[PDB]
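Novice: Need coordinates for the below:
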Amino acid sequence: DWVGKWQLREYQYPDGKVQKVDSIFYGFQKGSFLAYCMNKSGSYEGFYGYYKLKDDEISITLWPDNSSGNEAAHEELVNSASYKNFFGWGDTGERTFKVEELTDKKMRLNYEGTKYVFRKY
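Specialist: Numbers count the residues shown, from 1 in each chain. Please find the structure below.
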């Protein structure tokens with residue numbers, strides 16, 4: 001029920017604020033994670049990783065992770081402006097969300113009060 005591309009429609013910050021998003025997509029495929037930032041140009045930037053489902057949570061980890069053999073490439077990724085603007089998940093390159101909604105069309109994730117509102121594409 002996670003498979004496919006999911007367009008991030010908006011951010012809902014705790015205190016009430018709403019941020020319209022059009023360029024962002026999340027992809028889910030049998031444990032693998034994909035994410036892309038568009039440009040009306042005709043080009044897009046992509047990211048990849050894996051996810052784990054536990055109770056009512058999804059743990060998204062970006063590849064390369066921060067293992068001993070990956071730290072150099074991990075640090076090149078988590079320090080890039082692209083990652084800071086798109087994810088902002090910090091040095092770890094991992095974020096665990098509460099799954100508030102998941103249907104055949106909508107998906108709503110929650111992180112420390114910030115709601116991630118997606119529509120299936």
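Novice: Please make it C-alpha for all contacts and neighbour counts, starting now.
Specialist: Fine.
Novice: buried residues in stretch 43-63?
Specialist: Applying a neighbour-count criterion of 16 or more other C-alpha atoms under 10 Å, one finds 47, 48, 49, 50, 51, 58, 60, 61, 62, 63 buried in stretch 43-63.
Novice: Might you calculate how far it sits from the centre of the chain?
Specialist: Taking C-alpha atoms, centre = their mean, to the nearest Å, the mean C-alpha location of stretch 43-63 is offset from the chain mean by 6 Å.
Novice: What lies in contact with that stretch?
Specialist: By C-alpha atoms under 8 Å, 6 or more residues apart in numbering, the surrounding residues in contact with stretch 43-63 are 31-38, 64, 74, 93-100.
Novice: among these, which are in strands?
Specialist: Mapping the contacts of stretch 43-63 onto strands (DSSP state E) picks out 32-37, 94-100.
Novice: Widest-spaced pair of these?
Specialist: Greatest spatial distance among the ones in strands among the contacts of stretch 43-63 (C-alpha to C-alpha): 37 and 100, at 23.7 Å.
Novice: and the closest residue to residue 111 other than its chain neighbours, what is it in contact with?
Specialist: Excluding the flanking residues, the one nearest residue 111 by C-alpha to C-alpha, 6 or more residues apart in numbering is residue 97, at 5.3 Å. By C-alpha under 8 Å, 6+ apart, the residues touching residue 97 are 57, 58, 59, 109, 110, 111.
Novice: Neighbours of the fifth one, how many?
Specialist: The criterion is other C-alpha atoms under 10 Å. On that basis, residue 110 has 19 neighbouring residues.
Novice: residue contacts, it?
Specialist: Contacts of residue 110 by C-alpha under 8 Å, 6+ apart are 97, 98, 99, 100, 116.
Novice: Pick the one among these closest to residue 10.
Specialist: After measuring those against residue 10 - C-alpha to C-alpha - the closest member comes out as residue 116, at 6.4 Å.
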